[PDB]
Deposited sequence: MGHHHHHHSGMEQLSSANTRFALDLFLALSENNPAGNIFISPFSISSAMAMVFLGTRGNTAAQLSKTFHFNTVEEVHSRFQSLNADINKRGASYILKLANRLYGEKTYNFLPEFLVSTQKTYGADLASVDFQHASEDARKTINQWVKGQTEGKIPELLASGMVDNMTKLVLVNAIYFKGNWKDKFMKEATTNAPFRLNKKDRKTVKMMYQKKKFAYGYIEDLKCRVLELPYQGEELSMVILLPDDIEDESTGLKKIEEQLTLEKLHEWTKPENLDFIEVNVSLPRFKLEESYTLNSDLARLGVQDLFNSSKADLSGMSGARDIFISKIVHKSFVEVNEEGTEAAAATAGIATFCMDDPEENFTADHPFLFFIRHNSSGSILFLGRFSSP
């Protein structure tokens, strides 16, 4: 019920830090859940060591009835009909000279509502590539028009996973456009850049981590189904973004400790937040390999028996992309209420959590406007 929730966040943090190895100071925005589910889907088509590696990496050994639990969660989360826009393009494209097992085809669209669609990589990879881009573009209401660049798919391509999502939701408590001001966002100790600063004074769940001189703010979205949690250091206190310490500490245990009910008080908060857009694209092959998924990409060692009978199959590409817009958009007279500031004018970590299950749908670092 909530084993999967724990599994998926462990992996979220595993992935975040793997990606941080290659970009310690820049914007990162991923959708850990989408990836976890997409790979859970890839999972049921994999056997042998290829399945095992995939399972320890994503921490699936820890979850009973993985797929049953995933079908349930997705269902919960794509609920007709939320206030927020959440649009996922999750598909698996394979070269059309391969006989994909009908029951697998059936599993994916029943357990994950996704399809293995066949295309001509061998002879028509440029059209194939344009066909893939078209479909995601459709699925994302034009928000992600060109997922794959030219060259990303050739005549040697066997199997491709695509996974793009767009999210925009209305705040429970909206910002006023008249309050949003041109203000300096510090990238680090030595560098500033002007951004559009949203301002708001209202009641929010608020926490402090005295150990890391860091603040926690929960901003729920309209409907209460989803919430943004933001981690903001008191000041930049290192030679980079100021997020190094907090990143070193990231575990599921710490994440819960910081964000659980017992450690948040509803308080009056002066919230300055940048209006920002993050669309980040990732071919996850090399990162998943660092994390333990080796065989799946190796044409020899790959064991994808669960989806096809052919012998030279393997994943050529795994492309993930998340897009969010954050703006002012949205729908206490106590004297003794504690006042507190939350001024995100320097880099911060943040995530968008599904409040019911505790699952992390989106995870990112905003460091460089």
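- Unmodelled regions (deposited sequence positions with no C-alpha coordinates, counted from 1) are 1 to 10, 342 to 351.
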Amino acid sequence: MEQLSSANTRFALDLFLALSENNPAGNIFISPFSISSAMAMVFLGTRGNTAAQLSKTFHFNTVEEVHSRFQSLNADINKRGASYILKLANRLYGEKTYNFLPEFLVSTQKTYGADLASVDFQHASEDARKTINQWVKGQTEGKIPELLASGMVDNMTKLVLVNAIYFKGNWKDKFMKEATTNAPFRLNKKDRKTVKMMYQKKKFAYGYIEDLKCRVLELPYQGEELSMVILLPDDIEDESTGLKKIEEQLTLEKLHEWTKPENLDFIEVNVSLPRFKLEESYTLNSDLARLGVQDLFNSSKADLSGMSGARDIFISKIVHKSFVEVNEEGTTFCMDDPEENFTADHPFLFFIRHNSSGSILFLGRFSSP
From here on, numbers count along this sequence of modelled residues.
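- In this entry, 74 to 82 has the higher mean Cα B-factor, the comparison being between 74 to 82 and 88 to 96.
- For the two regions 138 to 146 and 185 to 193, the entry's Cα B-factors average higher over 138 to 146.
- Per the deposited coordinates, the residue with the largest Cα temperature factor out of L273, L232, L105, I165 is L105.
- Note on the listed residues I313, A344, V319, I30: the highest Cα temperature factor in the record is that of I313.
- When the modelled residues of the chain are ordered by their C-alpha B factor, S300 lands in the highest third.
- Annotation for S118: C-alpha temperature factor in the highest third relative to the rest of the modelled chain, per the entry.
- In the deposited entry, the Cα temperature factor of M1 sits in the top third of values across the chain's modelled residues.
- When the modelled residues of the chain are ordered by their C-alpha B factor, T259 lands in the highest third.
- When all modelled residues of the chain are sorted by CA temperature factor, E178 is found within the highest third.
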